[PDB]
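One-letter residues, chain by chain:
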Amino acid sequence: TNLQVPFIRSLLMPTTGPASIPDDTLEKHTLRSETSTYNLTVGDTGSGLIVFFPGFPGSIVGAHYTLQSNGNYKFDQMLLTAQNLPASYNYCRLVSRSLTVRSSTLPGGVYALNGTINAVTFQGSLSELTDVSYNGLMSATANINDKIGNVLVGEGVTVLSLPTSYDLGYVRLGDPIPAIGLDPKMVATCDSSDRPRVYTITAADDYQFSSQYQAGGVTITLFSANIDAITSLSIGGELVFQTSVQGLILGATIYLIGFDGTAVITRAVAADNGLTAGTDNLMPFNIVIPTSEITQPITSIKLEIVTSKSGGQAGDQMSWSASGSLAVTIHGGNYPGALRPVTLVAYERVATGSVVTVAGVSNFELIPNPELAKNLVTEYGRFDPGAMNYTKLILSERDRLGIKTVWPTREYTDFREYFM
Amino acid sequence: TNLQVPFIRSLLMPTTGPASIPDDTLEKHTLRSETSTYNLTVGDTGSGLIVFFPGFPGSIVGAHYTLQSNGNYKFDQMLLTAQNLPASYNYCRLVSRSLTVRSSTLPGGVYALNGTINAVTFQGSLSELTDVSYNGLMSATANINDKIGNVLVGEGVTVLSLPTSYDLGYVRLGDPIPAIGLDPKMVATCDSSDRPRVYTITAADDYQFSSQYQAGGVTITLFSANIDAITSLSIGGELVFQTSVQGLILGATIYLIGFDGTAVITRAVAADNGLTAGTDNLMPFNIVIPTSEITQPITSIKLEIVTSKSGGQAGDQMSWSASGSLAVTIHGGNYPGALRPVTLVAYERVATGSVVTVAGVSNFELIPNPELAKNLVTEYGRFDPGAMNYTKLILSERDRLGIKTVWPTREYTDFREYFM
Amino acid sequence: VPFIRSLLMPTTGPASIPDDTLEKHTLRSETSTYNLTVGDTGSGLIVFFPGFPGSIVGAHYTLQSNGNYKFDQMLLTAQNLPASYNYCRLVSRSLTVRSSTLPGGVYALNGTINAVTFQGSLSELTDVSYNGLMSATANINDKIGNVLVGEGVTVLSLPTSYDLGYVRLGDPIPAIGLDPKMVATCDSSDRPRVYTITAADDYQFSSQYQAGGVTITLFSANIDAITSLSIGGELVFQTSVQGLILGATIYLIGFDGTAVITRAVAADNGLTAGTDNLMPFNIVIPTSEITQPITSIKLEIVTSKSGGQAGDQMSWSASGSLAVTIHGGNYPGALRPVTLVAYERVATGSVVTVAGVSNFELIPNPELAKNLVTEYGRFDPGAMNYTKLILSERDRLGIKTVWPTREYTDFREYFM
Amino acid sequence: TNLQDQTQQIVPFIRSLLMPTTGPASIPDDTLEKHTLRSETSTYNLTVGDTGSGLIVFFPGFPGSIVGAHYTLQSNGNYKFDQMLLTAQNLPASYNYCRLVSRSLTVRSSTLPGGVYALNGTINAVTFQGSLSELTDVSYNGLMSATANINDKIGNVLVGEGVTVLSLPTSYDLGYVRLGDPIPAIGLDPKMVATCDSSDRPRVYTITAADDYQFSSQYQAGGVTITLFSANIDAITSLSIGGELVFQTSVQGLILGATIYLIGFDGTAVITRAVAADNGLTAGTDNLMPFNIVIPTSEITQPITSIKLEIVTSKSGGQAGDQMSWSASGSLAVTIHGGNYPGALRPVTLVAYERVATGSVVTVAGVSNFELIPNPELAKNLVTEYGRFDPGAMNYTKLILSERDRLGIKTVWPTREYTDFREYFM
């Protein structure tokens, strides 16, 4: 396809042009629409999973995972939009977005297409999923028109992002602010933090350790909770200890783990702390993870603890008793659309070595940079009395009008040529 | 002049009186309109800068800077309203606000007295300007009816405040809270923390330091980023240190530097921090900064490290590595109006003995503290259908009607005549 | 009008330019054909220089398994133009690229290709990736997304300016030398390009002695040369420690990260205290030395101490500017517009064909001018006003620079 | 008046040429390139010093972001630098190429300080198609004998009326120049910049500083300092000095050092580059001292006018009669990038005022229209297109500029004749 309005036309047919939300938020902005094109190579099994994010506020439209030959997944790439919008804008807000996925081409000298696709959208984040089996993606909703089963790969689906909320603010991007430092490898930015998401986790409530000496120490995994993040985050809290054995030492590292199970980030928050006997001894967990260090989505957190004893003399026990709470802070991640409306697209039995192409467009409302505001004109949006009411009347009669989020592309082409 | 109603009438001409916004945020409140009249002290050079905060939710209306004879600016005072709102009320949001800046000197001859005003408003905050010279202010934005220059100071400007968002809740003010202590200089207040603003900064990524020994230490500075703050803030994170020589101690000091160039807040985050060779050495950042410590707006931040050595009297070396991140959180920073729209009324070369006066009227919507709520009735906003709709019509039709945010006062007087 | 037929349909033949540059010349035209094999990824990048004034066309890069490109070959025209001519200029140019293998069934082979044209040079491009080329231009008729490799793009060459002079090609002059590897040529030098770089302003260095020295890279910047350049300027030093020697080596990095050209400028350069000692830059890079398009430079300095022991704290401090002079690199078309053509994963065993034609105006050699007559241009009035009227509304006429092939064929049949 | 920005409209080219406060247009000459239009402003309040007089040096055809400087006349006849006058927008921050279209600039003083009640001022003005260093005298009376054209001079215009400076063209087809834009570069130094400045038509001064010139002096304690030459160069942006001097002696034990000053217009030093320091020479052998000097645009604060080389000679050892003696030969070269571009240095209008009451503004105010090619960020967020089409606009421009002395078009106007001309031309 050779790629190169009212609000309802841009909402249901976003490959035409960008419009402005008729809500009560009245700020001088500008209009900007751009595409995103890929040819995702397939694995040896000829399967995979494409995790879209329909209403993300800007410039990330999901990732692609490949199904290995031993049941695991593997990260292929984080697939995003055309223009790097944090490099030239400060604020943003999403209007509409559509994407397709199809594989209508063949490898070198073959004769059959071989494929089927299951798609679903559901109200929760990626890490909240029960299972991600190809048979099992059709269970994780009860809505009649948020899931569809085995469309052919030769036609594929077309994912439409229906808007969750309307009266939404503008949110920051991770954009560089001017800073001067003694590092060529220095980043400075102003992240998005508008409606944050906290996770309180109390690890130990008077938990008592007991083991005998090993030449090197014994590692435990204290907890393995499930979190979810796509941009920067912070971790706070404090653990204490209280012992009677004289001269044993301690260490701890904090992991963040992707969807495919591999550790993404490590932080050694404790390293060679001796333990006095008689008082509490604290270790605070005050770490900050930026956005540029997270290369794939995060699915679980995990804390592990070693316990060594200087001057061992094996055959004797160790003992510590711990308590404390933590607070994982996903900055701006409870905003509606940044993490909640996640779709899934699962394809199976595609010919190995072939491709699956995705091709989208995304309509935003940007606010310029302090240089782009020198060179570009912002203005208030247009006015039409009765667009919000007509949009509500469309979305309330949703099963009568048959408007949904997943379909075959032939059905959406027929609906599109019927409306237009 | 002579200072002493629907939302359109109170929006275009805010000196008429207050009104409630036709938005659907329906709390019990009371309308209040107060004023602020200043006579300024023009310096020896004759040139200054009056930076207004138009959409700020309560009681802080601007700041005044006189530029010295050597190019540097100097802070004068903080322009604010007559009654301080946090002493008597508890929540607030802004309706409309006007400010006029002219001279009241009026010569009796035929010629005027010298002095000329520029004015501009722009979408970014105050630290996000390329230049603040008198010439370089009309570069700051690209909209035609959003800046004006070369107006003479007998005529003066009018700063009108057109909105940024409408369905937005109330901002709590920095009100005093009952507290009993032992230091008579303690205060406990409740800040504004509706929509915060975070600035993550990775200060070091395995940066190598290595220098010779001398008396006192080697004082370096790691980074100097530009931030923004009027009210309270808090800085968090840590920063590790590795070495291979053991006799080393180091100190650290943080600075918050305002707009004129001087440090407002100095606070030592490390002092005689002994480090052990071979293993990691932490340095945690746990500092909060209250509002009353901040006397002027703050436009940057920088860190310093003084690396000395215990008992190293001969000429030898000392070295360390470092890596870490920081998370500057300011509270209620991304609330629209709190830092985002700013105007800069600048004047240049006003005659000696001439005054530059600032008049204006601010229209609010308050909730009292519990002492005043014993005596003042609060109620819901009386409604009128279509005032929000007519607001959206007029702001859509803005540039043809010529509704500006900065005016010359003869033009605004003629607009106020031909509107009513 | 004979010039607009050759400008909008360059395979017809050469015509003369109606600008005011009245020189005796002759019209020539030659082709450039390539059958290109693909890699294991089946994905790469072709970077065309559309307005180049002769004898080079572009470059071909293959994309590896990771995100590293690798240079393949430098696409150039059929015969060698500096071997038979002295001066030249560009008139018009077209190139087509597609796959020459065809499906037998009904479903096409894999492969999909993007194209953009860019207003600036190759190095000053924010992201070079298949999704990223579609962001690099805000014009609608300057880019196209997801055409098929079985159909492919056509890259028409719209002008950057007229009223230009002729430029001198890299022709060789006679030279009786002693090396067989000794060439002497007369470079293009008309509207040159200079990058001035202040590398340091009292940067202080300190490091413990280690065996072999201490290596730091002092700067790195993006310069983008194709032809001959030069480095000039000076760095100074001042110490207070006896016995430190310095070495320094400059690198010229191509688009795929590999160092094309390394030049050493210092060896056994001993420093001395209580003085103000210095090092000069006197480097000229000839045209035959340059293998691929350069995109960066960097300077790295090694610091060792004579009489090495454990410690001793080597230390110095430097300052001084620098200047990189690209000889002729600011003439329009030599570097200023670029069309990037990026094909993502295509089928294995396919061959991607490239074919085109490029018309010239050019003054001959001293020998070929013994054999060949030259003339002034052919006067046809009202061709410049008509050319300006065509170009002044290209959005209305729909004159793209990166066509798809079927739409270019339909526009061609319409315009004839 | 209240200067409001434009670029919301385009005009015919000649309305932008003779009345450039109306708005920008494009130039119709053979340079068909995708560009955008952008009009800028410039407003200052130049303060009169102690004597009452001063000098404003404009540059009518300068291609980007610099419109001139301002100097104050002291009590001893010397001048003193105040500031350089610039365009509002820093154009190399978000553009790469440029081409100046038109520009007008008023200079008037119609206000009075606090306490006085009279007005008291006059203004001379002239244009000059040489350079700033090529001016014979720059005084208030010697300004008027700088050219022979009557439509390039005006004398004793009162400051309440003021003047108006127009930029009539120097040449057409003009190319594009490159602005001194920052390219991306990383390096372990905070004060590290890297820029791609202008170079199309450079200007080369060469100097034969010596041809076997002998030196002879007694041994003086500390050294003997002489200046070999001094010459007027007049650069305003970056440059580079190349060449080589050579020395030879027969006396043993001589060291020397060399330094180069770049003198401004007011006689003070701007840039000192110590090229040789503690350079010991041998005897009976040619001793080399090359120059490899590069000055960036950032280090230049005020416009350069003069250059000066200054050698110092010292002898290891010493008494009263050691007879220090050397001999120099060899030539130099000064490469000024983008110097012979028409408008970058060559036309210059000078505005000199006298007797205006001390401590009072002299307001300059203007407008300027360009043709830009955007930054690699701005060219992806902004649309560029070809110039509009009007045939026979260049013919009409050539005709009006041919009959310039008959229609009475002049580069410097006394603002009321200019207002009458603007009314009669509407």
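In the PDB header, cryo-EM is given as the technique by which the entry was determined, and 3.8 Å as its resolution.

Draft legend 1. Expanded view of the overall build of chain D. When you go through chain D residue by residue, the secondary structure sums to four helices and 24 strands. On the principal axes, the C-alpha backbone points of chain D span a range of 80 × 55 × 45 Å. With 426 residues in all, chain D has 59% of them scored as buried. Sequence-distant contacts in chain D: of pairs separated by 6 or more residues, those separated by 24 or more amount to 80%. Only carbon and sulfur atoms are counted for the fraction: they give 50% of the accessible area of chain D, which is about 17000 Å². Where the 25 positive side-chain charges of chain D centre and where its 36 negative ones centre are 7 Å apart.

Draft legend 2. Broad picture of the interface of chain C and chain A. With 20 residues of chain C at the interface, the matching set in chain A holds 24 residues. Note on chain C versus chain A: buried area summed over both sides is about 2000 Å², and carbon and sulfur give 46% of it. The largest per-residue losses of area from chain C upon contact with chain A belong to C:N110, C:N131 and C:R345, which jointly make up 31% of the total buried on that side. Counting every contact that joins chain C to chain A gives 13 residue pairs in polar contact. When contributions to the side of chain C that touches chain A are tallied by element, the ones reaching two or more residues are β6 (112-118) and β7 (143-148) of chain C. Broken down by element, the residue count for the side of chain C that touches chain A peaks at five residues, all from β7(C). Of the residues assigned to the side of chain C that touches chain A, the class counts are eight nonpolar, eight polar and four charged.

Draft legend 3. View of the sheet that holds strand β16 (residues 220-223) of chain A. Residues and elements named next belong to chain A. Here we have four strands laid out as an open sheet, ordered β16-β22-β18-β19, and antiparallel in their pairing. Pairing within the sheet leaves two strands with one partner each, and these edge strands are β16 and β19 (263-274). Averaged over all pairs of adjacent strands, the angle between their axes in this sheet comes to 25 degrees, without regard to strand direction. As judged from the 10 bridges shared by strand β18 (residues 248-257) and strand β22 (residues 300-309), these two strands associate in the antiparallel manner. When the bridges of β22 are listed, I249 appears paired with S308.

Draft legend 4. Structural view of the interface of chain C and chain D. Every contact between the two is made by 57 residues of chain C and, on the other side, 52 residues of chain D. Here chain C packs against chain D, burying approximately 4600 Å² in sum over the two surfaces, 52% of which is carbon and sulfur. Counting the surface chain C buries against chain D, the share from its top three residues, C:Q119, C:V194 and C:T196, is 13%. Taken together, the links from chain C to chain D amount to two salt bridges. Ionic pairing is found between D:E33 and C:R336, a salt bridge with its closest N-O pair at 3.3 Å. At the boundary of chain C with chain D, the tally comes to 14 residue pairs in polar contact. At the level of secondary structure, the elements contributing two or more residues to the side of chain C that touches chain D comprise β12 (193-198), β13 (200-207), β14 (214-221), β15 (229-237), β18 (277-285), β21 (322-326) and α2 (383-392) of chain C.

Draft legend 5. Representation of the packing of aromatic side chains within the structure. Residue and element names in this part refer to chain C. Inspection of every chain in the model, using the stated rule, returns 35 aromatic pairs over all chains. Summarising the aromatic geometry, the rings of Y61 and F255 are spaced 5.1 Å apart at their centres and angled 55 degrees between planes, so their arrangement reads as tilted. One end of the pair, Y61, is in strand β3 (residues 58-63); the other, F255, is in the loop between β16 (244-254) and β17 (259-270), and 194 residues separate them in sequence. Judged on exposure class, the residue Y61 and its partner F255 are both buried. A centroid spacing of 5.2 Å and a plane angle of 80 degrees characterise the contact between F237 and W316, whose relative ring orientation is edge-to-face. With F237 in strand β15 and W316 in strand β20 (residues 314-320), the pair connects residues that are 79 residues apart, well separated along the chain.

Draft legend 6. Broad picture of the sheet that holds β16(C). With antiparallel pairing, five strands are arranged side by side in an open sheet as β17(C)-β16(C)-β19(C)-β14(C)-β12(D). Looking at which strands have only one partner, the edges of the open sheet turn out to be β17 of chain C together with β12 (185-186) of chain D. Here β16(C) pairs with β17(C) via eight bridges, running antiparallel. Directly across from C:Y251, in β17(C), lies its bridge partner C:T262.

Draft legend 7. Representation of the nonpolar core in the model. In this structure, B:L49, B:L233, B:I235, B:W320 and B:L344 are the most contacted members of the largest nonpolar core, which totals 66 residues. Each residue touching B:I235, except ones within four places of it in the same chain, is listed here: B:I254, B:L256, B:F285, B:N286, B:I287, B:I301, B:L326, B:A327 and B:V328. Of all hydrophobic cores here, the second largest spans 42 residues; its members include C:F219, C:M279, C:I301 and C:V324.

Draft legend 8. Layout of the environment of D:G339. Relative to the helices and strands, D:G339 resides in the loop between β21 (327-336) and β22 (348-354). When the C-alpha positions of D:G339 and D:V107 are compared, they lie 27 Å apart, and in sequence the two are 232 residues distant.

Draft legend 9. Representation of the state of the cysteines in the model. Scanning all chains against the criterion turns up zero disulfides over all chains. Residue B:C190 stays outside any disulfide, its sulfur separated by 13 Å from that of B:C92, the closest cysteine. The exposure class of B:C190 is partly exposed, given its relative accessible area of 29%. As a non-bridged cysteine, D:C196 has D:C98 as the owner of its nearest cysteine sulfur, 15 Å distant.

Draft legend 10. Geometry of the pairing of β18(A). Residues and elements named next belong to chain A. With respect to burial, β18 is a largely interior element, eight of its 10 residues being buried. Examined bridge by bridge, β18 and β19 share nine bridges and lie antiparallel to one another. Counterpart to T253 in the pairing with β19 is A268. Hairpin connection between β18 and β19: a loop of five residues separates the two successive antiparallel strands, and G261 in this loop has a positive phi of roughly 95 degrees.

Draft legend 11. Inspection of the side chain of D:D152 at higher detail. All names here are of chain D. By the element assignment, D152 lies in the loop between β7 (122-128) and β8 (153-158). Within the buried core, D152 has no salt-bridge partner, and the shortest N-O distance to an opposite charge, that of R404, equals 4.3 Å. A polar contact of 3.3 Å, which involves the side chain of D152, links it to the side chain of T411. Apart from the residues within four sequence positions on either side, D152 is in contact with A125, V126, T127, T147, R404, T411 and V412.

Draft legend 12. The pairing of strand β16 (residues 239-248) of chain D, seen in detail. All names here are of chain D. Pairing geometry for β16 and strand β19 (residues 287-295), over nine bridges, is antiparallel. Within β19, the residue paired with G242 across the bridge is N292. Pairing between β16 and β21: eight bridges, direction antiparallel. In the sheet register, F247 faces β21, and the bridge partner there is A328.

Draft legend 13. Examining helix α2 (residues 387-396) of chain B more closely. Residues and elements named next belong to chain B. Buried within α2 are the following residues: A387, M388, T391, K392, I394 and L395. All buried residues of α2 project into a common sector of 165 degrees when viewed along the axis, lining one side. Looking at the buried side of α2, the elements it contacts are α1 (9-12) and α3 (398-401).

Draft legend 14. The pattern of salt bridges, seen in detail. Applying the stated criterion across every chain yields a total of 35 salt bridges over all chains. Between A:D175 and A:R172 there is a salt bridge; the shortest N-O distance is 2.8 Å. A:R172 shares its class with A:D175; the two are buried. Residues D:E40 and D:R38 are paired through a salt bridge, measuring 3.2 Å at the closest nitrogen-oxygen approach. Salt bridges here are not isolated pairs; linked through shared partners, they connect A:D23, A:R93 and A:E365.

What counts as what
Residues numbered from 1 in each chain as written, not as in the entry; some residues may be left out. Chains lettered and ligands numbered in written order. Part of a larger assembly, values for the part shown. Heavy atoms only, no water. Helix = DSSP H or I, 4+ residues; strand = E, 2+ residues; numbered from the N terminus. Buried < 20%, exposed > 50% of the residue type's maximum accessible area, 1.4 Å probe, protein only. Contact = heavy atoms within 4.5 Å. Areas by Shrake-Rupley, 256 points an atom, 1.4 Å probe, with all protein chains shown as cover. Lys, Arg positive; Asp, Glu negative; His and termini not counted. Charge placed at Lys NZ, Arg CZ, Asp CG, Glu CD. Buried area = accessible area lost by both parts, 1.4 Å probe. Polar contact = N/O pair within 3.5 Å; in protein donor to acceptor, adjacent residues only side chain to side chain. Nonpolar A, V, L, I, M, F, W, Y, C, P; charged D, E, K, R; others polar. Pairing = 2+ DSSP bridges. Axes fitted to C-alpha atoms, helices over the stretch in contact; angles between N-to-C directions. Salt bridge = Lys/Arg side-chain N within 4 Å of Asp/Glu carboxyl O. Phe/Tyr/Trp six-rings, centres within 6.5 Å; stacked < 30°, edge-to-face > 60°. Core = buried A, V, L, I, M, F, W, Y, C linked by side-chain atoms within 4.5 Å. Disulfide = S-S within 2.5 Å. Arc of directions from axis to C-beta.

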